[PDB]
Every structure is written in C-alpha cells, then in structure tokens.
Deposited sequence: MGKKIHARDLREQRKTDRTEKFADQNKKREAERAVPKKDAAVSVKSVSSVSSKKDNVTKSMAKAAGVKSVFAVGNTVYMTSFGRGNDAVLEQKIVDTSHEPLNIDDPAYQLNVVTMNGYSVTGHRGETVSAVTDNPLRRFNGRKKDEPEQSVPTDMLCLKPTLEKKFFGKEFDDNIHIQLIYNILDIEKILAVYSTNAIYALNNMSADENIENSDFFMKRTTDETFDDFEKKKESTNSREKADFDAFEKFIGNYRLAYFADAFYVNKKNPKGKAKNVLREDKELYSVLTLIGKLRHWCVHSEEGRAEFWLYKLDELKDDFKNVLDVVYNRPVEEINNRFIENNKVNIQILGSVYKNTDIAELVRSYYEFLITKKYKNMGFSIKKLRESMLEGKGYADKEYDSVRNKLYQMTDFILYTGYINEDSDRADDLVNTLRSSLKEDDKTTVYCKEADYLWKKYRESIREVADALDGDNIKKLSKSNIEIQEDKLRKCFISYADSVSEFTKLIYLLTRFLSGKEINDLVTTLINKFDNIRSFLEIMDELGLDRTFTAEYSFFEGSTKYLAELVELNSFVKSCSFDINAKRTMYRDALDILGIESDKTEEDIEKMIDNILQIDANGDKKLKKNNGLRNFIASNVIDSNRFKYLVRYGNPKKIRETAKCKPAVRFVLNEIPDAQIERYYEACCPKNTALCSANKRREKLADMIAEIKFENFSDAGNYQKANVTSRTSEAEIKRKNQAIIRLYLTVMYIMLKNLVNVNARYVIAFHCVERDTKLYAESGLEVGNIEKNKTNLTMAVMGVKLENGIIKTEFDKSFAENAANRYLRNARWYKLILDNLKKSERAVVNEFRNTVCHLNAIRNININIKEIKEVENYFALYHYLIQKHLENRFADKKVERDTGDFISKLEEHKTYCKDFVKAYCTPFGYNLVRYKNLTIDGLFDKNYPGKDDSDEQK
C-alpha cells in the first residue's frame, strides 16, 4: 500500500483525537501529528517524515518526504464503522472482544484503540507457541511409535512420579510403564542436545530426573497452549519464576551448554522464558526455529513500541499483577535476539551414526535376509538434513510405503521447475519435461537394490529424500493451520464466556461457540430454527452480521455431526492424519494440491474409524462420494470445519482452496 510508502506507520484514536506515527529505527514509532477534530498540530519538528496535504473527517491526505515523494490518504479511525448510516467513536475489533480483552490484561476499559493491538500481538505469541509446542509433542509421540505425553503437570515432581511404579492404580502403573518405555526406544539420540550430556570424546544419556523435567516442561507448555486452562494455570507461561527448582536447574544446564560451547550471557541471568523457548527450539526443524524466534522478536518489538508510545502520550499502561511479565518485554526482546544470534538446528549424536543404520536402510526399502555398498548408502543418507527433518516426523517404513503413491510424487515433481528437474534427470539417468517427470516418478516408486566411477547413486538418493521432505513438510504446515484454528476456538470460547455469552461447554461439542454466536440451539440434536434475517442482525460479532454467510454457515452446520467434528479435532491435534499416511494415501486417483491431499488423508481416516458405527445420513453421503470419487469431497470439509464459523475469514480460508495458501492464490467457488 502507498500509505506505508508515504511513511504513516499507525493511526491511533485516543478520545476525540487521532495520532499518526512514522517509521523510526527498526519498529520504533515516533508521533507526528495530533489531529483534533479538523485542526493541525505538529508534534515533531526535526525531520518530519510527512506533511498533511488536507485534513477532513473522511480521511487525511499526506505526502512523503524521507522517501520518494508519494501522496496517500489515511482514513479516520474515529469514523471506522460510522459512515453513510454517533459519527465519531473509537472503533472495536471484528470479534467485539476489545473491552473484555482490555479488562483482562489491564484493570479497566480504555477509551482508545492502542491497547487492543498490544493485546492481539500477545495473542499471536500464544498461537505460534501453540503450533510449535504441538509439533514438538508430535515428534516425541512419533518417536514412541499417548495420554502420558498429553497429561504432564509441572506441579508433579519426579519424587512423586516415581511413586507411581509402586502405586496400585492401573492408570498410574501405565503412566510409569509408558515412561520406562521412553528411556530407550532406540531413537532418543535424535534430540541429543536436550537428552544427552557431555561427560573420552563421548556423551551419555542424562539422568532420568532431567529427562523427566524436560518432558514435563514441554508437555505442560503444549497442553497450556492448547487448552487455555482456568485458575492459576492460566498465568503459567507468564510466571515461570515460580517453577520448581528442578525445572530451573534443567533449563539452566540445557541453555548453558551453547554458552559453554561459545564463550554471550550465561543462563544465570537470562530469563526462564527465553530458556524455555530454547528448550522448545531443541525439538524443531531449523526453519521452524527461525520462524518461531523471528515472530517472537517481531511481536515483542511491537509490544515495546506500543508501550513506548503509550508512555509518551501519558496513558496509564501498568499491567495487572498477573501479567506484570510484559513490563520486562525490553529485556525479553534483547534476550530473544541474543538467542537468535546463535540458535542452531538440533544435532544428531556422532555415535548414533551406528544405531540409526536400520532406519536409513528402511527409508529406502533396501533390506535383505557387499557391506561396503550399504555402508556408503547409509552414511550418505544419514548426514543429509532432509533425513534429520524426515525421520523425526515420519516412520521410515511408512514413508517407503507412501512413496508408492504415484500421483503424490507425480504432483510434487510437477511443482519442481523444469530446469531443476532437467539437472536431476541428467545426473540420475545419463524426452519432454512431463514425460521425464513421469519416468522419474516411476523410478522413485520402484527403488530397490538395482542401484548397486559410474557413481549414479547420489543423484537418485538425493532426489527421493527431497520429494518426501517436501511432501511431509507441506502436510505438516497444512496441519498447523487447523491446529491454530482449534487453539483459537478454545481461547475465544473462554473470552466470550467471560464477556457473558452463554457459550457453555466447548469440550462437549466443539460447534458450541459458533452456535452461541449465531444464537441457534439444539433440540433432539437438530437445529429446528430456519434462517431469518433478525438472527443475522443479532449475531454477537461483526463477521456473522451478513445474511448470506449466516445462511451458509447454518446450512453447513445443520449437516455436521458432533462425533465427526470431535474425531477431526483429535486427528488434527495429534497429527494422526499424517501418522497413518500409509493407509490414508492408499488410493488417490489424482492430487490437485496439498489441501486436497491433506483433506483426503483426514476423510479417509474418518471413513476408516467410522466404518462400523453410528453415522448420520449426511456423513454417509459424504463418505459415499469419497468412495465413488477417489478424491476429497469439498462439502465434507465444510461440515467438519464448522466450529470456525465465528471467524468468517478463517472459516472461508480453511474450506476452499486458493484462499488456503498465501503463496498459491486461485479461483474460489460461488
């Protein structure tokens, strides 16, 4: 947009006045004008970024000075929703939660629209921590190849946990057996950074107490991120100073290892939040660590800039005691950029190079009953980062069976540019681009011991791992969207409840929030109220104020059923859709995009689990089309995507392609 090119950073309504900010150093925002009614007021006299061409209640026109001269217009926030039609009034968020959010974080509602932006940034911090903690937990569950991991409480210490071995309660006995089945697993070496200690050039598995406290911290972070648990648990992440000493010690050693590797400040004074973030990073791919840490840096810097602007205006800003964490956001920003100066992808163990041999041999389906050939293949595979980011997220035999799904590899090869494909093909098999793609796909699907200087083998091996890496990473990044979606459902349910909406229990039925917002109710499990405009005009948020999307969300929700939506929720939140890729991707006639692939996986998982069960006739028709057409059904997607109705933009983005992926826009339907 040209407004940003003109340098108007933000527009802040305060009372009957609006303030306009400029782009300063980094994300610093310097105030420029205080436009009261229709009156000019210079607030900065040194290098003013822009000047006001004309001031009108409709909008303010500005011309850039620092950059290439460009004139733009900025709409008045005071009259955001008051137009043709109370003309001037501070706007509110689309979800109509602004007063509740302000009264949650601050002691009172505020007559401005600055605070809500800080709040939304904090709320985005929690979303990104939710996704990355669920990816960590999934990696660990994959390793086990699961209630134990999902139910980890910080309060419970190791001294209490070990008692469960002696205990007679069957669930507690299983809670301990699942722990003793995790010390080994012949896969714990994957996360050596957080599971092994250096103590002749050798390392050893850490003491059980520290492995437990690592796992406890990560499980608690994940569960707290997803469920937004009530009581004192809600403040947990913003009050880690109260952690048990054992978790402080564990965090201290884990974060201190890089420092002893490099000397940057020791863990003795870096905050527990930063150390917990680093611990979370230990389980992620490098791309995920970078996205996490940069989004944290961005949001904390925004928070700092808003707090500075509020302090310059003289607004009251002191957080309630339970959120006084954010008063330190300057230091947590400094610590996050310090971490970002040295964080690296989590190493494999140099000794486990001999333990991993069967996994490497499995991925390629290369197994029998000279040794040098297999050793060469294995060691050439194991060192590649496309292995480290694959066996941590998929079972090797499951990947090898998935690679037989010819249309999925054919699709992924259709995404690679013609030049890259030519290069690979001329390395791998020394005639048209699509015929070449087809043949390469066939080669990948029939990999065997025929590979046996004439060194062809590196070309074919590096191709295969790259195709499977791209496929699995895309499916994980699709899953992340619905994970964020359910996180938002479970948070906004509680926020609406605190605003006084009769939302009720969300775990009983995940569509309860969208129905509470729409004002419909269930009797005998059926929505007997037909569409009428008054229900849209009375809808509790701006998204559902429109007639046609109320009508559409109603018609889709009426043909949902509770069991399917709950099974979908748990399929997303445990990533079972990809964990059973072998059977879900079994029979796909044609793959159109990663969205169609992911929803085919989910719908085939549902069709497997509901094979012999109660099933509503709408679900039965969807499954019948999912069989008759060997591809995902769009209608079914809408049915199990209903709980996200409250946010129309989210709902639409997650239910038709072309709106799904920012990078692959395309035609929408109807």
*What ranges of the deposited sequence are left out of this structure?*
1-59, 145-147, 208-213, 268-272, 337-493, 600-625, 687-691, 714-732, 951-954
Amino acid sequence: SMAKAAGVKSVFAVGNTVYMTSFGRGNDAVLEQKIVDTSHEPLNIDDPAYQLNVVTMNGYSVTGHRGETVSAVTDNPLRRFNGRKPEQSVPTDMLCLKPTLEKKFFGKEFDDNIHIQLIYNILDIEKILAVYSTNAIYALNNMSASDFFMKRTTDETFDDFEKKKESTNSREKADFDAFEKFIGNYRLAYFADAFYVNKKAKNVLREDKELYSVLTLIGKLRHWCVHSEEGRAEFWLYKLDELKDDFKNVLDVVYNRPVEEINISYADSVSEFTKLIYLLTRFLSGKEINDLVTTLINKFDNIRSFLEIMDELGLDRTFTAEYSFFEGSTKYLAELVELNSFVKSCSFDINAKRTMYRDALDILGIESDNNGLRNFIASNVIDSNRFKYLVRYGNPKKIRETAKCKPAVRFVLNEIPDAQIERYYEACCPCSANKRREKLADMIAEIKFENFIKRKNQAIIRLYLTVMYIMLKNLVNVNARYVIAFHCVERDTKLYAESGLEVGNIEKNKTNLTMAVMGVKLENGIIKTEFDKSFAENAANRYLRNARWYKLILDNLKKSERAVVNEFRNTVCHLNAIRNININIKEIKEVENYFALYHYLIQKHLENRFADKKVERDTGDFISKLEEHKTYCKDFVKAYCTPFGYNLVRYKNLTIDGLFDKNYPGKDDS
From here on, numbers count along this sequence of modelled residues.
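What we label the rigid core is the largest C-alpha set whose atoms superpose within 1.5 Å from one form to the other.
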*Hey, after superposing on the core, which one moves around more in 7 other deposited structures of this protein, 471-479 or 410-418, CA-wise?*
410-418
_Rigid core superposition, C-alpha RMS per stretch in 7 other deposited structures of this protein: which comes out larger, 493-501 or 390-398?_
390-398
*State whether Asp369, though modelled here, is left unmodelled in a third or more of the other entries compared.*
yes
*asked:* For the other entries of this protein included in the comparison (both sides of the residue modelled), is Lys510 absent in a third of them or more?
replied: no
